[PDB]
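Survey of secondary and tertiary structure
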Amino acid sequence: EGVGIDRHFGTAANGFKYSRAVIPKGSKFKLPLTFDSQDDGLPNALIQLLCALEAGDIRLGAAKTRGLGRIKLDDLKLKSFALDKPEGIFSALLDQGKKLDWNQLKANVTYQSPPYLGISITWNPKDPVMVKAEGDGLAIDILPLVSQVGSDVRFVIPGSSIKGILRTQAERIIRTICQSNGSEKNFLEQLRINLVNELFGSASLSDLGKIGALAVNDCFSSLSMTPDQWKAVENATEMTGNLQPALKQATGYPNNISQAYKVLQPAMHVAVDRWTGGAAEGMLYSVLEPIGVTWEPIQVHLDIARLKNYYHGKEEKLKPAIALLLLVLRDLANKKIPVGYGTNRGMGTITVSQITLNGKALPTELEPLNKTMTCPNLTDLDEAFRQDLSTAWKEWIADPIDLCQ
RNA sequence: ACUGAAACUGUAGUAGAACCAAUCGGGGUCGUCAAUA
């Protein structure tokens, strides 16, 4: 379940709620391929495809840029049937085929990806980070969103949520540089801005629709629980009753309520009447704050090949988009982009320990992007490269034209 | 005053793009209570 956020008011935009059903993570299906060869080999591009599948490079289904679609291949087997020959036709009828060791061919050619920049952000909650679960619990009103991950459940920040906060910061930077106001515009108008329509995409309305060059994974917690352990928390009726067993079990500290609550902490909030100083009862609510939930690194994928198609192959246009992306990562590392629920209400600030920039087949001028950063201000990037980007950025600022012509 | 035969409705096409489940709220605090005879 999700919602668009109005860029002026900062609140759920009216008419922009959405729901999506998803096959859970860790679900399996067969790779079900047959290839008819008309020559005595196996095609390079098909070997490259199988390498990409084993690398996890291919996305499937909807919401590819906004949380979903990542698949990886395992147990790859190749069976050969020489249908040109009697032994191979009867093998096809009877014998289940000549086995190929994939490890031989996979070693015997270099894997080539299309251009992309991986961004892996190692982060920790500086203050509790959760997405809200849509249903109130019984003991706890506001519960973390969990998702099934294999046979377990994990806490999740959907890549929809991280995408939207990053898009919001991108759009805010551009509108500042232009001193452009989105107060009058409607939500769809508020989103249409230059350089963000390519990094994040534009809705397909009849067409300015574009898929985002930038894709964000669902980020799951390093903590996991059995499904019935989390149901025990969801069903818990009493915060100091059966919730304490349930939270002790789920956090993995069944005999230490202290260590359990250093991971998942129940928190009461009360609104105080200004005239009387009384708890404005009925305005009491409770949050299960994931104060000590550890999270896997945020995986962001910039499809550099997608940007090139938008900019018509000329990589000089890439530099203003790359510049914006680095300016957004500078804000993400400086705690300026809180994530999830309750960001003005004591949650959502993150530490960024490390940004790993992992470009495959990058052009030589963006090759300085292949870096692991630990300064939040990106000074691990070569100053000549950052000045190079800074110049192309400043030129675009002077004429904030639509690169995409 | 003699049944035609034989012929794969297939071939190419990702149900997808876009959308932050979010906004506000100190876990807080002081005057009685009761109605008869």
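Residues numbered from 1 in each chain as written, not as in the entry; some residues may be left out. Chains lettered and ligands numbered in written order. Part of a larger assembly, values for the part shown. Heavy atoms only, no water.

This entry lists cryo-EM as its structure determination method and reports a resolution of 2.52 Å.

**Some details on a positive patch on the surface**
A grouping of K30, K77, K79, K98 and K99 is seen on the molecular surface, where their side chains present a positively charged patch. Looking at the element boundaries, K77 is found in the loop between β3 (66–67) and β4 (78–80). (Patch = residues over 30% accessible without salt bridge, like charges linked within 9 Å, V, L, I, M, F, W, Y side chains within 5 Å. Areas by Shrake-Rupley, 256 points an atom, 1.4 Å probe, with all protein chains shown as cover. Salt bridge = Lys/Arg side-chain N within 4 Å of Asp/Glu carboxyl O. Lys, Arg positive; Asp, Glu negative; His and termini not counted. Charge placed at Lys NZ, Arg CZ, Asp CG, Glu CD. Helix = DSSP H or I, 4+ residues; strand = E, 2+ residues; numbered from the N terminus.)

**Looking at the protein's contact with RNA strand B**
Taken together, 54 residues surround RNA strand B, and among them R7, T65, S161, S202 and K210 come closest. Considering the 4 Å shell around the protein, atoms of RNA strand B inside it are sugar or phosphate in 65% of instances. Between RNA strand B and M268, the relevant distance is 3.4 Å, taken from a sugar or linking oxygen to a main-chain nitrogen or oxygen of the residue. Between a phosphate oxygen of RNA strand B and a side-chain N or O atom of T343, the distance comes to 3.2 Å. Broken down by secondary-structure element, the contributors of at least two residues to the surface near RNA strand B are β1 (2–5), β2 (12–18), α4 (159–178), β9 (201–202), β10 (210–211), β13 (265–272) and β14 (279–289). The element contributing the most residues to the surface near RNA strand B is α4, with 7 residues. (Near = heavy atom within 4 Å. Polar contact = N/O pair within 3.5 Å; in protein donor to acceptor, adjacent residues only side chain to side chain.)

**Quick look at the nonpolar core**
Core analysis: the largest hydrophobic core is formed by 82 residues, its most contacted members being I119, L302, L307, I322, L324, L357 and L369. Looking at this core, the element that brings in the most residues is helix α11 (residues 318–333), giving 12 residues. Beyond its immediate sequence surroundings of up to four residues, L357 is in contact with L117, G118, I119, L326, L329, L369, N370, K371, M373 and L381. Within the second largest apolar cluster, 9 residues are counted, among which are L50, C51, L76 and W102. (Core = buried A, V, L, I, M, F, W, Y, C linked by side-chain atoms within 4.5 Å. Buried < 20%, exposed > 50% of the residue type's maximum accessible area, 1.4 Å probe, protein only. Contact = heavy atoms within 4.5 Å.)

**A short note on the sheet that holds strand β11 (residues 214–217)**
Reading across the sheet, the 6 strands line up as β3-β11-β15-β6-β16-β17 and stay open at both edges, with mixed pairing between neighbours. On the outer flanks of this sheet lie β3 and β17 (371–373), each paired with one strand and no other. Of the strands in this sheet, β3, β11 and β15 (298–302) are in contact with α4, which crosses β11 at around 140 degrees. (Pairing = 2+ DSSP bridges. Axes fitted to C-alpha atoms, helices over the stretch in contact; angles between N-to-C directions.)

**What about the side chain of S221?**
Within the secondary structure layout, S221 lies in the loop between β12 (219–220) and α7 (227–235). Of the residues examined, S221 reaches a relative accessible area of 2% and is grouped as buried. For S221, the side chain forms a polar contact with the main-chain oxygen of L223, separated by 2.8 Å. Contact partners of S221, with chain neighbours within four places excluded, come to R154, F155, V293, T294, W295 and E296.

**Remarks on the side chain of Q48**
Mapped onto the fold, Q48 is located in helix α1 (residues 44–55). Sequence-distant contacts of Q48, defined by excluding residues within four places in its chain, comprise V109, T110, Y111 and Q112.

**Examining unusual backbone geometry**
Although it is not a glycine, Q96 sits at a positive phi angle of roughly 60 degrees. By the secondary structure assignment, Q96 is in the loop between α2 (86–94) and β5 (98–100). The residue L378 is not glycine, and still its phi comes out positive at about 65 degrees. Relative to the helices and strands, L378 resides in the loop between β17 and α12 (383–398). Under the relative-accessibility criterion, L378 is labelled buried at 6%.

**Re the sheet that holds β12**
Overall, antiparallel pairing links the 3 strands, which are arranged β7-β8-β12 in an open sheet. The sheet terminates laterally at β7 (146–149) and β12, the two strands that pair on one side only. Alignment of β7 against strand β8 (residues 152–157), held across 4 bridges, turns out to be antiparallel. Considered in β8, the bridge of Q148 is made with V153.

**Brief notes about the environment of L329**
Considering the arrangement of structural elements, one finds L329 in helix α11. For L329, the residues in contact, after removing those within four places along its chain, are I119, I355 and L357.

**Quick look at the UniProt feature "binding site: Mg(2+)" (unreviewed entry) in chain A**
In the UniProt entry, the feature "binding site: Mg(2+)" (unreviewed entry) is given for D141 and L284. Relative to the helices and strands, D141 is located in the loop between β6 (116–125) and β7. Discounting residues that sit within four places of it in the chain, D141 has contacts with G135, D136, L284, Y285 and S286. Of note, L284 is situated in strand β14. Excluding its chain neighbours within four sequence positions, the residues that come into contact with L284 are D141, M268, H269 and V270. (UniProt positions renumbered as here; feature names shortened; annotations may be inferred.)

**Considerations on the environment of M268**
With respect to the secondary-structure elements, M268 resides in strand β13. Between the C-alpha atoms of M268 and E383, which are 115 residues apart in sequence, the distance is 48 Å.

**Observations regarding the pairing of β15**
Because side chains alternate across β15, one face comprises the buried residues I298, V300 and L302, and the other comprises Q299 and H301, none of which is buried. Where β6 lies against β15, 5 bridges are found, and the strand directions are antiparallel. Paired with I119 across the bridge in β15 is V300. As judged from the 3 bridges shared by β11 and β15, these two strands associate in the antiparallel manner.

**Quick look at the packing of α4 against α11**
It is the contact of α4 with α11, at a shortest axis distance of 10 Å, that shows an interaxial angle of 115 degrees. If you check the angle between α4 and α11, you find them roughly perpendicular. Viewed along their axes, α4 and α11 form a crossing whose handedness is right-handed. Facing α4, whose interface residues are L166, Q169, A170, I173 and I174, α11 presents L324, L327, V328, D331 and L332. Residues that form the contact of α4 with α11 fall into these classes: 8 nonpolar, 1 polar and 1 charged. (Parallel < 35°, antiparallel > 145°, perpendicular 65-115°, else oblique. Left-handed = near helix turned anticlockwise from the far one by under 90°. Nonpolar A, V, L, I, M, F, W, Y, C, P; charged D, E, K, R; others polar.)

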